[PDB]
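Novice: Before I ask anything, here is the structure I am working with.
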Amino acid sequence: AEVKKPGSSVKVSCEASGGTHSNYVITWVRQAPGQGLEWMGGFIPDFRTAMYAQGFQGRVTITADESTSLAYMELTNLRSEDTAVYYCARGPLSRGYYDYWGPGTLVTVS
Amino acid sequence: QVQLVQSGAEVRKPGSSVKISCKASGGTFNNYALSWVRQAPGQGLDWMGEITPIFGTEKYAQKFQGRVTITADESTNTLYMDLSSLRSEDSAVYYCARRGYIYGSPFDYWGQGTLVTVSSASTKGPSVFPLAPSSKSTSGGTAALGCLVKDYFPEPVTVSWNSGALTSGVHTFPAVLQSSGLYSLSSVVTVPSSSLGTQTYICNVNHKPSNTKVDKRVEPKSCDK
Amino acid sequence: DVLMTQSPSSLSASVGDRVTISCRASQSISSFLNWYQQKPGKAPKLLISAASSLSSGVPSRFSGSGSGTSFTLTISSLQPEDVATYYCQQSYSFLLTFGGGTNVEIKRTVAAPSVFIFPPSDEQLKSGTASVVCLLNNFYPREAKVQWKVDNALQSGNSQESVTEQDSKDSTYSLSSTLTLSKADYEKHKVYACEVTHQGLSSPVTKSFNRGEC
Amino acid sequence: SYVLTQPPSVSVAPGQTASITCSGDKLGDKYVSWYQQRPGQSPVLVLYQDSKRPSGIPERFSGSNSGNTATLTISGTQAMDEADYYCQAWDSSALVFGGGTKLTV
Amino acid sequence: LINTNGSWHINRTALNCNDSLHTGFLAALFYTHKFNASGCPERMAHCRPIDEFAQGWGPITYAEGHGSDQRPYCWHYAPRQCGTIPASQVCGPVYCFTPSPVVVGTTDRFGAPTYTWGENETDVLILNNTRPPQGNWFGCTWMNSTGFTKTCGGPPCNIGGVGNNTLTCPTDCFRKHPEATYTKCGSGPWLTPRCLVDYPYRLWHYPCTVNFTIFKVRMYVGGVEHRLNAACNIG
Ligand SMILES: *[C@@H]1O[C@H](CO)[C@@H](O[C@@H]2O[C@H](CO)[C@@H](O[C@@H]3O[C@H](CO)[C@@H](O)[C@H](O[C@@H]4O[C@H](CO)[C@@H](O)[C@H](O)[C@@H]4O)[C@@H]3O)[C@H](O)[C@H]2NC(C)=O)[C@H](O)[C@H]1NC(C)=O
Ligand SMILES: *[C@@H]1O[C@H](CO)[C@@H](O)[C@H](O[C@@H]2O[C@H](CO)[C@@H](O)[C@H](O)[C@H]2NC(C)=O)[C@H]1NC(C)=O
Ligand SMILES: *[C@@H]1O[C@H](CO)[C@@H](O[C@@H]2O[C@H](CO)[C@@H](O)[C@H](O)[C@H]2NC(C)=O)[C@H](O)[C@H]1NC(C)=O
Ligand SMILES: *[C@@H]1O[C@H](CO)[C@@H](O[C@@H]2O[C@H](CO)[C@@H](O)[C@H](O)[C@H]2NC(C)=O)[C@H](O)[C@H]1NC(C)=O
């Protein structure tokens with residue numbers, strides 16, 4: 001993707017389709033280039049609740065729909081430290097491990 | 001706006017097995033309950049079984065003593081129902097119905113139905129005979145002609161008069177299974193006696209499995225006259 | 001099992017009347033009932049849900065009511081296309097069950113039947129089989145009795161009848177009674193006839209043809 | 001906050017055993033899962049619940065967690081077991097991703 | 001705003017959960033602590049194993065009116081036969097065990113489905129225990145608004161017998177009275193004294209069964225055959 005001019009908004013369409021869908025916790029992970037993973041938040045289709053990352057307690061905004069897609073975030077105020085690859089995972093309800101990681105998505109900012 | 005699509009008609013033998021598919025065109029089977037409902041000819045609807053994906057649960061009506069096994073393939077998005085040991089009484093139309101997983105929901109979608117014919121017979125061609133009119137009957141102001149299609153298998157046989165030119169006043173009755181396990185049906189037409197001088201009274205019997213196509217002419221005032 | 005009963009088995013009414021269909025569950029099922037309509041040779045279609053809710057797209061002339069062990073469906077103004085079979089289904093127990101189905105019809109003035117008899121052709125004659133067809137054309141009501149007499153003798157268990165569906169433009173039926181006899185039995189008699197008894201006939205009709213004439 | 005510690009890199013010879021350690025404060029009571037990410041690929045779960053592994057993973061992969069340390073032991077390394085490994089744990093309504101240990105044969 | 005384009009699971013559920021007291025019960029819907037860290041074992045200490053309870057004698061009976069205010073995280077309990085409940089005292093879905101899990105929805109007053117997310121004066125869950133052989137379910141569990149597990153099912157089956165700590169059997173107390181089963185004495189998710197019916201929210205309702213292992217079981221009830229997953233440990 002091109003440069004999202006500093007101070008913009010980005011949506012991460014998870015195209016989340018794994019396991020049994022509704023009863024499968026969506027999530028999101030951000031990996032900077034060669035720096036390891038870092039959490040951003042979570043979501044549950046049944047309980048419309050969007051847990052937030054402490055570092056991203058403000059900017060992360062989760063909105064979705066009943067269907068197998070349209071679940072994403074809205075990270076505003078992009079800055080150089082936000083350049084990274086975002087991965088969507090779909091774990092079981094409350095086991096903890098995030099199986100079936102989705103294809104990554106690259107995001108860059110000038 | 002799911003549209004469930006089923007497979008074509010199947011003809012099997014006693015002791016064999018069948019597998020009918022149900023594909024949800026423009027939809028998804030997950031987040032639903034899928035049931036199979038069969039309708040024997042001249043009888044009400046019946047419940048076969050049910051599969052719930054998310055719960056990973058399957059309920060099979062004990063009426064079908066273990067012969068029904070349902071499965072779902074999300075990669076292909078299809079619902080398979082396998083029936084083994086097909087006895088004669090299994091001949092019927094099978095539908096796939098979609099329901100919600102909350103307590104007490106209605107079957108809001110159905111499949112077109114797949115005819116299953118379980119009989120011991122080999123594909124055979126039809127026999128066409130003319131139902132020529134009696135002279136006294138023709139004298140009555142209105143007469144009728146027919147061509148009896150006899151001893152064919154399997155269904156269906158389409159009869160068209162003059163390549164379908166005559167449609168009004170044509171009464172093609174439903175087929176009937178003869179005691180010898182062979183079908184038989186008639187397609188009679190009634191027309192003014194005055195025209196009978198004209199010659200547009202040949203029926204077209206068409207059968208696909210037997211690859212048969214017969215054009216038999218019913219002769220007005222046949223026999224001596 | 002929650003056995004269900006639907007009444008009446010089959011009812012007939014004119015165009016523009018109101019028709020009531022009663023369904024009843026063997027035990028209380030709260031408000032979990034649904035009404036399905038199935039036309040001939042077609043998949044059943046859902047009409048009523050929750051025993052009183054109207055589905056999307058269904059004509060408003062269908063209304064449902066009831067509770068406990070008493071449910072009813074009604075069409076206020078019967079239409080030409082409302083002719084079908086109607087089923088009541090209960091979704092209160094995990095073992096789904098359906099009603100016995102009720103057939104609707106359309107009323108009109110009684111029409112007399114026309115009888116025709118067809119002799120067997122020569123082609124079929126030498127094949128060891130002989131088929132005689134008696135046709136009843138464009139009559140009403142459906143109830144009609146056809147009997148086959150060969151040499152003024154009544155036959156039993158030797159003929160098969162087929163009835164077409166109600167005509168959508170004339171609301172009249174048709175019938176065909178076919179008698180099958182081998183060659184050996186066909187060459188022994190001389191007189192054949194079909195006798196028809198119907199409401200629209202003052203006295204039973206009889207059509208006869210002499211054997212052979214060839 | 002919470003911090004999980006792992007060695008920066010490890011080097012081994014073919015056919016030998018390699019061990020990667022993820023150490024934290026009282027980690028013996030937190031479930032730990034191990035991810036493997038090859039260069040330029042979406043990660044894949046190789047171990048969950050510390051010891052258990054998913055289907056399609058060779059029995060060669062092993063792991064454990066006790067006391068204050070969790071180990072990922074691989075026996076018989078080859079060129080197809082060269083990729084970063086990450087240690088994961090949940091703590092106080094927060095998700096923690098340990099540092100990546102690059103494995104090179 | 002409308003309910004949805006039908007969407008008959010986001011509506012028809014009681015989404016009224018509040019925790020001012022920071023018990024962190026909505027936080028543990030993502031992960032789950034070990035059997036130790038969660039601090040269950042002292043909770044599990046107060047109910048004993050099925051081996052030494054008592055011996056049942058003679059015929060079988062029924063009993064109700066039991067129920068000690070607590071969290072039902074144990075194999076035995078007396079769920080105090082259920083009745084209609086408002087939609088302002090429920091959090092999350094309500095799974096009722098056929099034994100095949102069934103999600104019950106808000107039914108307004110008598111029999112009217114409602115789609116207001118369970119937040120209105122009349123929105124009410126009408127769940128009534130009754131043996132499925134005569135329709136309905138055995139029982140079910142849900143979490144109240146503030147974050148405590150609650151359960152209610154058919155009249156908790158006693159086992160004909162006595163003792164200092166007689167067992168008000170809620171499920172499959174076999175080897176004591178060879179008539180108990182999840183068709184005559186079963187109330188809740190517990191198919192057998194050492195595992196529950198596996199449904200998506202099993203761990204959330206019972207957060208210290210994490211070390212349980214899946215298993216495939218099948219049984220016939222009424223006139224239907226059920227293929228179900230039971231999560232059992234030790235055995
Ligand atoms: C489900 O099975 C149950 C059988 O007991 C029953 O469901 C409820 O059962 C409770 C008792 O367990 C009863 O509670 C009633 O509550 C309603 C208001 O919520 C009151 O009408 C009623 O008041 C009592 O009864 C008289 C008035 O009806 C009065 O003279 C009394 O002094 C006292 O006020 C009860 O307190 C009731 O049986 C059921 N309650 C509800 C809300 O359904 C039902 O039989 C069965 N479910 C259904 C739908 O029938
Ligand atoms: C943790 O989980 C297992 C239980 O099987 C085991 O590691 C521990 O058992 C407890 O360890 C205690 C030491 O901290 C000791 O008192 C005893 O072995 C045992 N006590 C119990 C189970 O009450 C579990 N607990 C801990 C703290 O590790
Ligand atoms: C959730 O419910 C209310 C929603 O506003 C919150 O306020 C408390 O509500 C309870 C209701 O039982 C009152 O008893 C308290 O006094 C309220 N708190 C006040 C006035 O400060 C609260 O966050 C939650 N309460 C409960 C019980 O879950
Ligand atoms: C909750 O439901 C009640 C009734 O089911 C609604 O209350 C009234 O409903 C009647 C009939 O529709 C009308 O008088 C009004 O719609 C309502 N009048 C009021 C509330 O004074 C109510 O609107 C529903 N919603 C809420 C938030 O209470």
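Chain labels A, B, ... are given in the sequence in which chains occur in the structure tokens; within each chain residues are numbered consecutively from 1, and ligands are likewise numbered from 1 in the order shown.
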Could you list, as a ChimeraX atom specification, every residue within 7 Å of residue 160 in chain B, counting only C-alpha atoms and ignoring same-chain residues fewer than 3 positions away?
Specialist: /B:163-164,203-205
Novice: As a ChimeraX atom specification, please: the residues near residue 107 in chain A (cut-off 7 Å, only C-alpha atoms, same-chain neighbours under 6 positions excluded).
Specialist: /A:1,83-85
Novice: List all protein, DNA and RNA residues that have any atom at most 6 Å from ligand 1, counting only C-alpha atoms and all ligand atoms, and write the list as JSON, numbers by chain.
Specialist: {"E": [83, 84, 128]}
Novice: For the atom pair CA of residue 184 in chain B and CA of residue 162 in chain C, what is the interatomic distance in Å to one decimal place?
Specialist: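 Separation between CA of residue 184 in chain B and CA of residue 162 in chain C: 10.6 Å.
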Novice: For residue 149 in chain C, find every residue with an atom within 7 Å (counting only C-alpha atoms), except residues of its own chain fewer than 2 positions away, and show them as number ranges by chain.
Specialist: C: 147, 151-155, 192-194
Novice: Just the strand (DSSP E) stuff from chain A, please, per backbone DSSP, written as an MDAnalysis selection string.
Specialist: chainID A and resid 9:10 25:31 37:43 75:76 84:87 90:91 105:107
Novice: Keeping only N, CA, C and O atoms, write the selected residues to a file as a tab-separated table (two decimals), in the first residue's frame.
Specialist:
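Writing the result to result_39.tsv gives the following:
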chain	number	residue	atom	x	y	z
A	9	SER	N	-6.19	7.25	8.61
A	9	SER	CA	-6.86	6.09	9.17
A	9	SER	C	-6.66	4.90	8.24
A	9	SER	O	-6.55	5.05	7.02
A	10	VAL	N	-6.61	3.71	8.83
A	10	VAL	CA	-6.39	2.47	8.08
A	10	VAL	C	-7.32	1.40	8.62
A	10	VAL	O	-7.56	1.32	9.83
A	25	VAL	N	-12.60	-16.97	18.40
A	25	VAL	CA	-12.19	-15.61	18.74
A	25	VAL	C	-11.26	-15.08	17.66
A	25	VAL	O	-10.22	-15.67	17.36
A	26	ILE	N	-11.65	-13.95	17.07
A	26	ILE	CA	-10.78	-13.21	16.16
A	26	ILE	C	-9.69	-12.52	16.96
A	26	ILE	O	-9.78	-12.37	18.18
A	27	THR	N	-8.62	-12.13	16.28
A	27	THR	CA	-7.60	-11.31	16.91
A	27	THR	C	-6.81	-10.57	15.84
A	27	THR	O	-7.10	-10.67	14.64
A	28	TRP	N	-5.80	-9.83	16.29
A	28	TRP	CA	-4.94	-9.07	15.40
A	28	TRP	C	-3.56	-9.00	16.03
A	28	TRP	O	-3.44	-8.91	17.25
A	29	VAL	N	-2.52	-9.04	15.20
A	29	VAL	CA	-1.14	-8.96	15.66
A	29	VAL	C	-0.37	-8.07	14.70
A	29	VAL	O	-0.60	-8.09	13.49
A	30	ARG	N	0.56	-7.29	15.25
A	30	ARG	CA	1.38	-6.37	14.47
A	30	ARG	C	2.84	-6.76	14.62
A	30	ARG	O	3.33	-6.92	15.74
A	31	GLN	N	3.53	-6.91	13.50
A	31	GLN	CA	4.95	-7.27	13.49
A	31	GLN	C	5.71	-6.20	12.72
A	31	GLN	O	5.50	-6.03	11.52
A	37	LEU	N	6.60	-10.01	17.26
A	37	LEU	CA	5.18	-9.70	17.24
A	37	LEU	C	4.80	-8.81	18.41
A	37	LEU	O	5.55	-8.64	19.38
A	38	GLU	N	3.60	-8.23	18.32
A	38	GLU	CA	3.04	-7.44	19.41
A	38	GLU	C	1.52	-7.39	19.26
A	38	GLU	O	1.00	-7.25	18.15
A	39	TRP	N	0.83	-7.51	20.39
A	39	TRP	CA	-0.62	-7.60	20.41
A	39	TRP	C	-1.25	-6.24	20.15
A	39	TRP	O	-0.66	-5.19	20.41
A	40	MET	N	-2.48	-6.27	19.63
A	40	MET	CA	-3.25	-5.06	19.39
A	40	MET	C	-4.65	-5.11	19.98
A	40	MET	O	-5.15	-4.08	20.44
A	41	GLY	N	-5.29	-6.27	19.99
A	41	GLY	CA	-6.62	-6.38	20.55
A	41	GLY	C	-7.25	-7.72	20.21
A	41	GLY	O	-6.60	-8.61	19.65
A	42	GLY	N	-8.52	-7.84	20.57
A	42	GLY	CA	-9.29	-9.04	20.32
A	42	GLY	C	-10.75	-8.70	20.10
A	42	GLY	O	-11.15	-7.53	20.17
A	43	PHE	N	-11.54	-9.72	19.84
A	43	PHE	CA	-12.96	-9.53	19.54
A	43	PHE	C	-13.66	-10.87	19.61
A	43	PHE	O	-13.04	-11.92	19.41
A	75	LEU	N	-7.28	2.10	12.93
A	75	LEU	CA	-6.13	2.68	13.61
A	75	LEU	C	-5.85	4.04	13.00
A	75	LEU	O	-5.40	4.13	11.85
A	76	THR	N	-6.10	5.10	13.76
A	76	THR	CA	-5.94	6.47	13.29
A	76	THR	C	-4.59	7.03	13.74
A	76	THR	O	-3.91	6.47	14.60
A	84	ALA	N	4.36	-1.72	9.57
A	84	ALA	CA	4.46	-3.11	10.02
A	84	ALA	C	3.56	-3.99	9.17
A	84	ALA	O	2.83	-3.52	8.29
A	85	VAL	N	3.61	-5.29	9.45
A	85	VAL	CA	2.76	-6.28	8.80
A	85	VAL	C	1.77	-6.78	9.84
A	85	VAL	O	2.15	-7.18	10.94
A	86	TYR	N	0.49	-6.75	9.48
A	86	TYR	CA	-0.60	-7.12	10.36
A	86	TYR	C	-1.14	-8.49	9.97
A	86	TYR	O	-1.38	-8.75	8.79
A	87	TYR	N	-1.31	-9.35	10.97
A	87	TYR	CA	-1.77	-10.71	10.77
A	87	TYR	C	-3.03	-10.94	11.60
A	87	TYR	O	-3.11	-10.49	12.75
A	90	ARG	N	-7.38	-16.67	14.37
A	90	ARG	CA	-8.69	-17.15	14.80
A	90	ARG	C	-8.46	-18.32	15.73
A	90	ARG	O	-8.20	-19.45	15.29
A	91	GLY	N	-8.53	-18.06	17.03
A	91	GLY	CA	-8.33	-19.09	18.02
A	91	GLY	C	-9.64	-19.67	18.49
A	91	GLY	O	-10.72	-19.16	18.17
A	105	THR	N	-0.57	-8.58	5.97
A	105	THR	CA	-0.84	-7.38	5.18
A	105	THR	C	0.16	-6.30	5.57
A	105	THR	O	0.30	-5.98	6.75
A	106	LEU	N	0.82	-5.72	4.58
A	106	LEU	CA	1.87	-4.74	4.80
A	106	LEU	C	1.26	-3.34	4.84
A	106	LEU	O	0.41	-3.01	4.01
A	107	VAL	N	1.69	-2.53	5.81
A	107	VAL	CA	1.26	-1.15	5.93
A	107	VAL	C	2.49	-0.28	6.16
A	107	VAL	O	3.32	-0.59	7.02
Novice: Which residues of chain C are close to chain B, meaning at most 8 Å apart when you count only C-alpha atoms, and how do they look as number ranges by chain?
Specialist: C: 32, 34, 42-46, 49, 91-93, 95-101, 116-121, 123-124, 162-164, 174, 176, 213-214
Novice: For the selection just defined, write its residues with N, CA and C atoms to a file, as an mmCIF file, in the first residue's frame.
Specialist:
data_model
loop_
_atom_site.group_PDB
_atom_site.id
_atom_site.type_symbol
_atom_site.label_atom_id
_atom_site.label_comp_id
_atom_site.auth_asym_id
_atom_site.auth_seq_id
_atom_site.Cartn_x
_atom_site.Cartn_y
_atom_site.Cartn_z
ATOM 1 N N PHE C 32 -44.891 -22.662 19.111
ATOM 2 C CA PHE C 32 -43.941 -23.158 18.117
ATOM 3 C C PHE C 32 -44.720 -23.983 17.099
ATOM 4 N N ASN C 34 -45.652 -23.903 12.642
ATOM 5 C CA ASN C 34 -45.439 -23.272 11.353
ATOM 6 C C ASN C 34 -46.295 -23.958 10.302
ATOM 7 N N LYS C 42 -43.452 -29.727 -6.322
ATOM 8 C CA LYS C 42 -42.650 -28.571 -5.951
ATOM 9 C C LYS C 42 -42.259 -28.699 -4.486
ATOM 10 N N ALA C 43 -41.191 -27.997 -4.116
ATOM 11 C CA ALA C 43 -40.729 -28.024 -2.737
ATOM 12 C C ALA C 43 -41.710 -27.272 -1.837
ATOM 13 N N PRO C 44 -41.939 -27.743 -0.610
ATOM 14 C CA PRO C 44 -42.824 -27.007 0.298
ATOM 15 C C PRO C 44 -42.300 -25.608 0.581
ATOM 16 N N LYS C 45 -43.234 -24.690 0.818
ATOM 17 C CA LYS C 45 -42.933 -23.286 1.068
ATOM 18 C C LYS C 45 -43.495 -22.888 2.422
ATOM 19 N N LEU C 46 -42.680 -22.208 3.225
ATOM 20 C CA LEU C 46 -43.110 -21.766 4.544
ATOM 21 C C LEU C 46 -44.072 -20.594 4.420
ATOM 22 N N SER C 49 -45.064 -18.675 10.767
ATOM 23 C CA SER C 49 -44.085 -19.013 11.787
ATOM 24 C C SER C 49 -44.572 -18.497 13.134
ATOM 25 N N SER C 91 -42.145 -27.370 16.106
ATOM 26 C CA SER C 91 -40.718 -27.300 16.394
ATOM 27 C C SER C 91 -40.461 -27.176 17.893
ATOM 28 N N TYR C 92 -41.229 -27.912 18.696
ATOM 29 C CA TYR C 92 -41.101 -27.872 20.146
ATOM 30 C C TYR C 92 -40.239 -28.997 20.701
ATOM 31 N N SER C 93 -40.101 -30.100 19.973
ATOM 32 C CA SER C 93 -39.261 -31.216 20.373
ATOM 33 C C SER C 93 -38.206 -31.457 19.302
ATOM 34 N N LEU C 95 -37.387 -33.964 17.748
ATOM 35 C CA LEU C 95 -37.845 -34.839 16.671
ATOM 36 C C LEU C 95 -38.964 -34.122 15.927
ATOM 37 N N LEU C 96 -38.611 -33.453 14.833
ATOM 38 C CA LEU C 96 -39.591 -32.682 14.080
ATOM 39 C C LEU C 96 -40.667 -33.597 13.509
ATOM 40 N N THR C 97 -41.904 -33.103 13.498
ATOM 41 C CA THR C 97 -43.028 -33.832 12.932
ATOM 42 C C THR C 97 -43.860 -32.882 12.083
ATOM 43 N N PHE C 98 -44.577 -33.460 11.123
ATOM 44 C CA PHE C 98 -45.409 -32.714 10.194
ATOM 45 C C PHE C 98 -46.855 -33.173 10.312
ATOM 46 N N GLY C 99 -47.766 -32.311 9.867
ATOM 47 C CA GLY C 99 -49.168 -32.655 9.847
ATOM 48 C C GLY C 99 -49.512 -33.584 8.699
ATOM 49 N N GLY C 100 -50.769 -34.024 8.685
ATOM 50 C CA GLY C 100 -51.223 -34.945 7.661
ATOM 51 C C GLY C 100 -51.494 -34.322 6.310
ATOM 52 N N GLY C 101 -51.423 -32.997 6.208
ATOM 53 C CA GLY C 101 -51.666 -32.316 4.951
ATOM 54 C C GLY C 101 -53.141 -32.177 4.635
ATOM 55 N N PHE C 116 -65.334 -42.059 -24.337
ATOM 56 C CA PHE C 116 -64.863 -42.621 -25.596
ATOM 57 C C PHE C 116 -64.202 -43.967 -25.332
ATOM 58 N N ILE C 117 -64.259 -44.855 -26.322
ATOM 59 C CA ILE C 117 -63.678 -46.192 -26.229
ATOM 60 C C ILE C 117 -62.813 -46.428 -27.458
ATOM 61 N N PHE C 118 -61.613 -46.967 -27.249
ATOM 62 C CA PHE C 118 -60.666 -47.189 -28.338
ATOM 63 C C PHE C 118 -60.370 -48.677 -28.490
ATOM 64 N N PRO C 119 -60.577 -49.281 -29.660
ATOM 65 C CA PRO C 119 -60.238 -50.700 -29.828
ATOM 66 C C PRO C 119 -58.736 -50.891 -29.930
ATOM 67 N N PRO C 120 -58.229 -52.085 -29.620
ATOM 68 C CA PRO C 120 -56.788 -52.324 -29.760
ATOM 69 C C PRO C 120 -56.381 -52.419 -31.223
ATOM 70 N N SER C 121 -55.221 -51.848 -31.534
ATOM 71 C CA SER C 121 -54.727 -51.835 -32.900
ATOM 72 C C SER C 121 -54.179 -53.208 -33.286
ATOM 73 N N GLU C 123 -51.229 -53.853 -34.604
ATOM 74 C CA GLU C 123 -49.822 -54.011 -34.249
ATOM 75 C C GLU C 123 -49.674 -54.661 -32.879
ATOM 76 N N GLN C 124 -50.392 -54.148 -31.880
ATOM 77 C CA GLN C 124 -50.332 -54.734 -30.548
ATOM 78 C C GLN C 124 -50.988 -56.107 -30.492
ATOM 79 N N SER C 162 -56.020 -43.636 -14.522
ATOM 80 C CA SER C 162 -55.165 -42.473 -14.319
ATOM 81 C C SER C 162 -56.000 -41.208 -14.454
ATOM 82 N N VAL C 163 -55.811 -40.282 -13.514
ATOM 83 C CA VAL C 163 -56.555 -39.031 -13.452
ATOM 84 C C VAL C 163 -55.568 -37.881 -13.578
ATOM 85 N N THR C 164 -55.838 -36.966 -14.503
ATOM 86 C CA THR C 164 -55.032 -35.762 -14.610
ATOM 87 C C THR C 164 -55.392 -34.786 -13.493
ATOM 88 N N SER C 174 -60.046 -35.166 -15.908
ATOM 89 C CA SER C 174 -60.137 -36.172 -16.953
ATOM 90 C C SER C 174 -59.698 -37.497 -16.355
ATOM 91 N N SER C 176 -58.758 -41.892 -17.423
ATOM 92 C CA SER C 176 -58.579 -42.942 -18.425
ATOM 93 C C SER C 176 -58.488 -44.274 -17.696
ATOM 94 N N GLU C 213 -64.378 -56.464 -36.048
ATOM 95 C CA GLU C 213 -64.797 -55.489 -37.052
ATOM 96 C C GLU C 213 -63.638 -55.135 -37.979
ATOM 97 N N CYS C 214 -62.750 -56.097 -38.210
ATOM 98 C CA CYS C 214 -61.563 -55.877 -39.023
ATOM 99 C C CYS C 214 -61.259 -57.108 -39.868
#
Novice: Would you mind telling me which residue in E:153, E:92, E:144, E:205 lies nearest to ligand 3 when using only C-alpha atoms and all ligand atoms?
Specialist: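 Looking at the shortest contact to ligand 3, the residue is E:144.
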Novice: Would you mind listing the residues within 7 Å of ligand 4, counting only C-alpha atoms and all ligand atoms, as a count of residues only?
Specialist: 3
Novice: For the contact check between chain E and ligand 2, emit one row per residue of chain E within 7 Å, containing the shortest atom pair and the distance in Å rounded to one decimal, counting only C-alpha atoms and all ligand atoms, chain then rising number order, as CSV.
Specialist:
residue,atom,partner,partner_atom_place_in_ligand_line,distance
E:35,CA,ligand 2,2 (O),6.5
E:36,CA,ligand 2,1 (C),5.0
E:41,CA,ligand 2,23 (O),6.6
Novice: Let me see the file: selected residues, N, CA, C and O atoms, as an mmCIF file, in the first residue's frame.
Specialist:
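What follows is the written file out.cif:
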data_model
loop_
_atom_site.group_PDB
_atom_site.id
_atom_site.type_symbol
_atom_site.label_atom_id
_atom_site.label_comp_id
_atom_site.auth_asym_id
_atom_site.auth_seq_id
_atom_site.Cartn_x
_atom_site.Cartn_y
_atom_site.Cartn_z
ATOM 1 N N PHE E 35 -4.862 -24.579 36.022
ATOM 2 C CA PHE E 35 -5.707 -25.048 37.112
ATOM 3 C C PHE E 35 -5.249 -24.499 38.456
ATOM 4 O O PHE E 35 -6.054 -24.420 39.391
ATOM 5 N N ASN E 36 -3.976 -24.118 38.573
ATOM 6 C CA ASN E 36 -3.459 -23.559 39.818
ATOM 7 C C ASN E 36 -3.722 -22.060 39.903
ATOM 8 O O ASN E 36 -4.333 -21.576 40.860
ATOM 9 N N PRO E 41 -8.602 -24.831 43.015
ATOM 10 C CA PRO E 41 -8.539 -26.046 43.853
ATOM 11 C C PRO E 41 -9.174 -25.882 45.225
ATOM 12 O O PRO E 41 -9.832 -26.812 45.706
#
Novice: May I have the residues within 8 Å of ligand 3, computed using only C-alpha atoms and all ligand atoms, as a count of residues only?
Specialist: 7
Novice: Once you count only C-alpha atoms, which residues of chain D turn out to be within 7 Å of chain A? Could you give them as a PDB file with C-alpha atoms, in the first residue's frame?
Specialist:
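Result went into out.pdb, see below:
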ATOM      1  CA  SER D  33       2.588 -21.536  23.162  1.00  0.00           C
ATOM      2  CA  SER D  42       2.678 -15.891   8.291  1.00  0.00           C
ATOM      3  CA  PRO D  43       3.519 -17.670  11.584  1.00  0.00           C
ATOM      4  CA  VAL D  44       2.393 -21.239  12.273  1.00  0.00           C
ATOM      5  CA  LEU D  45       1.502 -22.777  15.635  1.00  0.00           C
ATOM      6  CA  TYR D  48       0.203 -25.053  22.363  1.00  0.00           C
ATOM      7  CA  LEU D  95      -1.042 -10.806  25.520  1.00  0.00           C
ATOM      8  CA  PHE D  97       5.000 -12.103  22.769  1.00  0.00           C
ATOM      9  CA  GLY D  99      11.565 -12.250  21.763  1.00  0.00           C
ATOM     10  CA  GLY D 100      12.455 -14.093  18.587  1.00  0.00           C
TER      11      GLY D 100
END
